Protein chains: 2
Amino acid sequence: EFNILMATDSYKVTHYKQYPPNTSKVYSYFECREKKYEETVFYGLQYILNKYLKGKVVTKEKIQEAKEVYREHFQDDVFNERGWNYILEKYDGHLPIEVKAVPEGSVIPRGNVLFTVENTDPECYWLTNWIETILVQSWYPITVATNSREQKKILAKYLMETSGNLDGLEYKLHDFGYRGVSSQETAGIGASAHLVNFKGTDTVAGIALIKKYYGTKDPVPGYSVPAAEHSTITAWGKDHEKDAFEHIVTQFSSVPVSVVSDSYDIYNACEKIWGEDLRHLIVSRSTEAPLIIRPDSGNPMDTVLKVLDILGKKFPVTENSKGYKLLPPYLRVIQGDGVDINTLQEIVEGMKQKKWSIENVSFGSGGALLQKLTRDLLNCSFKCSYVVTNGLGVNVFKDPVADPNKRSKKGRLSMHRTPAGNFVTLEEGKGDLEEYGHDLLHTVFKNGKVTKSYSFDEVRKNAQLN
Amino acid sequence: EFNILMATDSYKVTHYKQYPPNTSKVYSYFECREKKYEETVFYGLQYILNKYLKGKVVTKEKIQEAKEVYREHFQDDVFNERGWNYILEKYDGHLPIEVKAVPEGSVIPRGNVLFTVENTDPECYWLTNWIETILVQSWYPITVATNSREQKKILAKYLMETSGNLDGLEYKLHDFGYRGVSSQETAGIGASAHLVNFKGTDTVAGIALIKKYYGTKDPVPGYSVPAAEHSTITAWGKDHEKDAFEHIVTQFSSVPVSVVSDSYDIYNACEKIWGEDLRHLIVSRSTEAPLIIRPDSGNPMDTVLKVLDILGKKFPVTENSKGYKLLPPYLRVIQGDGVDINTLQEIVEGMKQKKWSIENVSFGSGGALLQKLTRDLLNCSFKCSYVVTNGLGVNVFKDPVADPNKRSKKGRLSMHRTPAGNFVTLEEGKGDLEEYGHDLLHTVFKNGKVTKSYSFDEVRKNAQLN
């Protein structure tokens with residue numbers, strides 16, 4: 001079992017002895033601090049609240065375990081056993097805290113309060129920041145969802161430009177990051193964040209997380225298609241790549257099938273094997289079950305353009321209404337190597353210049369999509385901004401002399417829509433002046449209970465492109 | 001409950017129908033493929049084997065669940081229900097696979113076989129690569145441990161050079177990555193990997209994982225000390241930073257205490273607050289309970305150097321036997337911002353140039369230590385190199401025309417020590433020629449059972465610096 005009492009940065013175990021005496025309230029907030037990523041998708045807190053913070057998270061056994069663990073870790077007994085016993089006794093192990101947040105899936109400009117946390121019992125003033133570690137990890141789903149959405153924008157722009165519509169956009173970027181992430185839990189969280197924007201993933205763990213913590217009416221929230229890997233092709237022997245291809249497309253003749261074709265010579269595979277030897281098995285396929293050729297090495301853009309050139313010389317090519325070339329409906333390409341937000345842009349731009357519709361190619365991304373992202377990309381930060389000591393409110397904040405960018409907000413915060421339709425975070429409790437509309441944050445957690453939640457369908461709707 | 005049948009890349013579910021017919025064996029291997037990081041620490045496989053692959057991992061319930069999930073995911077019933085039921089019925093849910101690996105903690109040059117996987121039942125030829133995804137995630141602890149060890153080398157070099165010994169080397173790089181990683185599980189795995197080289201971490205989960213999956217006779221495998229954060233300092237109010245400091249150092253007067261000092265002005269804090277107003281509370285501390293000043297903003301090197309300059313002007317400084325300046329024993333510094341393998345080198349080099357012993361400063365790293373790393377950093381790859389089809393062995397491999405660096409090894413592999421004391425991976429079963437010593441890989445998993453385990457003490461011993 002997971003023990004929340006051990007799920008915090010070690011030093012926080014000693015903070016209850018560091019706050020000013022007589023502090024009855026500690027109020028903190030999370031934001032994606034201001035500076036390419038002007039707006040962020042707020043997604044993931046609901047997962048964390050439901051999996052780690054709700055219900056009876058404190059037990060006599062967990063308190064004892066934590067006590068022994070930290071005693072050795074610090075080689076001193078500094079663990080706040082009393083404080084946790086109080087929560088166990090008074091609230092049946094339910095956390096005396098209130099969390100307010102903008103709706104899951106919301107697209108909010110940088111520099112705005114996304115969620116706030118405060119203790120609901122004066123005795124638990126120390127709890128607000130104790131749970132910072134667990135809650136700040138929300139940076140990951142937020143960042144994956146945001147970076148994913150930004151790639152969707154790129155694809156939407158070029159697809160619209162070269163085809164005149166956005167049909168199939170939600171299937172243009174597939175999640176191939178399962179093996180490329182740091183753990184099983186991470187694979188699930190990341191895949192679910194990607195699914196906020198797209199439907200393609202090879203990590204079903206993401207689908208399970210979605211149905212368990214969010215819920216969806218969508219019959220197919222996440223999908224994938226049969227696909228070969230280097231092992232299934234190379235296993236046939238180098239001289240029998242053609243036999244591997246033929247066997248695979250024949251086995252999956254009525255469904256779309258992706259076939260990695262760069263095991264030995266991607267260009268020879270496209271021109272001679274697919275384009276000549278087995279061409280008769282491709283042109284006979286249905287628009288519903290195309291062959292998706294998959295290069296997986298070399299310069300991403302150059303390889304895609306050369307593959308398209310080869311395929312265009314071997315298969316009938318049409319020109320859509322926008323004047324861009326389109327491969328026959330039974331043949332497509334997927335580039336799943338070296339694809340990240342930067343190269344994605346380069347590839348579609350190159351395709352556009354060569355007059356190829358973006359309809360022809362879909363993409364896949366792994367580590368770049370779910371692993372090579374940090375809390376610094378969007379400056380995800382959790383900071384205390386208000387406390388009550390001696391019954392007096394105090395607006396707190398940090399403002400490092402050498403880095404003005406790390407200045408944090410002061411006092412009680414609230415977010416509002418402006419008259420022009422934008423967002424603004426009011427500080428120092430100025431939201432009380434009521435010069436703006438209602439605070440956009442809602443209480444989502446209070447005293448061990450999730451008080452407001454969202455289906456994944458609402459999350460996706462909230463995260464839609466404009 | 002974790003379901004291994006769902007813990008693989010979606011497309012692998014369709015691979016049992018893609019291998020050449022009459023294939024009774026699929027043999028694959030993991031390596032940190034060649035073309036910094038010339039050697040890797042092999043660590044983490046034991047965790048994965050014990051947590052996810054050992055014992056009865058298949059059940060009627062899990063098979064049915066996977067069956068339903070994949071049906072919706074693929075909108076077709078391609079799931080190999082028959083193959084899994086076979087494992088359930090024949091081996092009581094134990095995986096018919098044999099895994100051989102170099103000892104945990106081993107420091108191996110790039111381009112060598114680190115572990116191999118093969119099915120032990122001809123009917124399970126498809127199982128070898130089914131588990132690639134879960135096993136390949138070993139890239140993370142390997143990479144963290146490797147990058148962490150490379151930072152230890154930098155620290156050892158400069159500590160040795162500026163002080164003449166390696167005293168306290170294992171405490172020079174602290175893991176502050178809990179909030180900066182993608183998940184709770186990742187936090188624990190990463191912290192464990194870091195602990196292969198160092199002892200400091202603020203993620204006790206790493207300690208638990210070590211004791212549960214490796215075991216240690218070490219009384220204190222991982223440690224931390226009391227420390228303040230911006231919230232506990234700023235909560236006192238901007239005009240009372242001194243009161244915060246005074247309160248914290250007195251509360252922790254008998255143990256080492258870290259105090260973040262850049263909330264408003266790191267330089268004013270060091271020179272006027274610590275260096276004057278509260279100097280009397282610092283110079284009175286023991287060598288076992290020093291004040292550890294923590295800057296946390298601005299250029300990492302410039303800030304450390306200016307802080308040292310300031311402290312040197314307010315506190316007694318000695319010159320060690322190597323001619324480097326040393327702060328008094330009751331005063332130290334920790335730079336836990338912007339520290340990565342590259343800036344770490346820059347900081348210690350800058351310190352050495354200014355004649356400050358590395359004994360004066362310790363470091364902390366978060367996302368750079370446990371998050372901003374990818375599978376391609378060491379090119380961690382899993383590939384099929386041998387299969388038996390129609391009773392005949394076939395040496396398998398990939399070799400992309402546009403990228404020779406992606407060429408994989410052929411046939412049965414083994415690793416041996418060379419006469420010069422180096423490492424060599426023999427391919428095509430040449431290890432059988434016996435021109436080299438014994439195979440360095442040992443069977444660690446076979447038919448559902450972990451057959452060879454290493455204590456964390458062995459792991460640490462194996463990963464020590466030369």
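Throughout, protein chains are lettered first and strands after them, A, B, ... in sequence-line order, and every chain is numbered starting at 1.
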Contact part of [X] toward chain B, heavy-atom cut-off under 4.5 Å: side chain, backbone, both or neither?
X        : result
A:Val181 : both
A:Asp265 : both
A:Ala7   : both
A:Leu373 : backbone
A:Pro141 : neither

For this session: Show your reasoning for whether side-chain contact (heavy atoms from CB on, under 4.5 Å) applies to B:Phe397 and A:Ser263.
Result: CA-CA 8 Å; B:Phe397 69 97; A:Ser263 296; over 6 Å; no
Interchain contact, [X] with chain A, by part (heavy-atom threshold 4.5 Å):
X        : value
B:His73  : both
B:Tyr11  : both
B:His15  : both
B:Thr201 : both
B:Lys12  : side chain
B:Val220 : both
B:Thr186 : both

For this session: Tell me, out of A:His240, A:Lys238, A:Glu185, who's got the most heavy-atom pairs with chain B below 4.5 Å.
Result: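 Most pairs with chain B among the choices: A:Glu185.
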For this session: Report the option among A:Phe2, A:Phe176, A:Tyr267 that has the most heavy-atom pairs separated by less than 4.5 Å from atoms of chain B.
Result: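 Greatest number of close heavy-atom pairs with chain B: A:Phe2.
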Problem set entry | Carboxylate-amine/guanidinium contact B:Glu72 A:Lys211, below 4.0 Å |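 The answer is yes: the pair qualifies as a salt bridge.
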Exercise. Would A:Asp337 and B:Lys406 pass as an ion pair if we require N to O under 4.0 Å?
Worked result: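 Counted as a salt bridge, because a side-chain N and a carboxylate O are separated by less than 4.0 Å.
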Distance (rounded to the nearest 0.5 Å) between [X] [atom1] and [Y] [atom2]:
X        : Y        : atom1 : atom2 : answer
B:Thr232 : A:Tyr16  : OG1   : OH    : 13.5 Å
A:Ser138 : B:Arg179 : OG    : CZ    : 12.5 Å
B:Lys398 : A:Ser231 : NZ    : OG    : 10.5 Å
A:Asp399 : B:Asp262 : CG    : CG    : 10.5 Å

Problem set entry | Residues in side chain to side chain contact (heavy atoms under 4.5 Å, CB included) contact with B:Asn405, at least two apart in sequence or another chain |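 For B:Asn405 the side chain to side chain contact (heavy atoms under 4.5 Å, CB included) partners, ignoring immediate neighbours, are B:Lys35, B:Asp403.
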For this session: Is it possible for you to check whether B:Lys17 lies under 6.0 Å from the centre of the six-membered ring of A:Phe252, through NZ or CZ, and within 45° of that ring's axis?
Result: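 Verdict for A:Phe252: a cation-pi partner in B:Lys17.
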Exercise. Are any non-hydrogen side-chain atoms of B:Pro20 and A:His247 less than 4.5 angstrom apart?
Worked result: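 Side chain of B:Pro20 against side chain of A:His247, heavy atoms only: no contact under 4.5 Å found.
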Exercise. Taking the side chain as C-beta and beyond, is there a heavy-atom pair between B:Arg375 and A:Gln371 under 4.5 Å?
Worked result: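 Sidechains of A:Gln371 and B:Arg375: no contact.
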Heavy-atom closest pair, residues [X] and [Y]:
X        : Y        : value
B:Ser182 : A:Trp139 : N-CZ2, 3.9 Å
A:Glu229 : B:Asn129 : OE2-ND2, 2.8 Å
A:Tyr178 : B:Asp9   : CB-OD1, 3.1 Å
B:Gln18  : A:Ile248 : OE1-CD1, 3.6 Å
B:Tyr70  : A:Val204 : CE2-CG1, 3.6 Å
A:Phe74  : B:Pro226 : CE2-N, 4.0 Å

Problem set entry | salt bridge (charged side-chain N to carboxylate O under 4.0 Å, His left out) partners for A:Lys383, two or more places apart |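 Counting only residues at least two positions away or on another chain, A:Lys383 forms no salt bridge (charged side-chain N to carboxylate O under 4.0 Å, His left out).
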Exercise. Between A:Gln184 and B:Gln137, does any side-chain donor sit less than 3.5 Å from a side-chain acceptor?
Worked result: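 On atom types as modelled, these side chains qualify, holding a pair under 3.5 Å.
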For this session: May I ask you to check whether B:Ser224 and A:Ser10 show a side-chain donor-acceptor distance below 3.5 Å?
Result: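 No - no donor-acceptor pair under 3.5 Å links their side chains.
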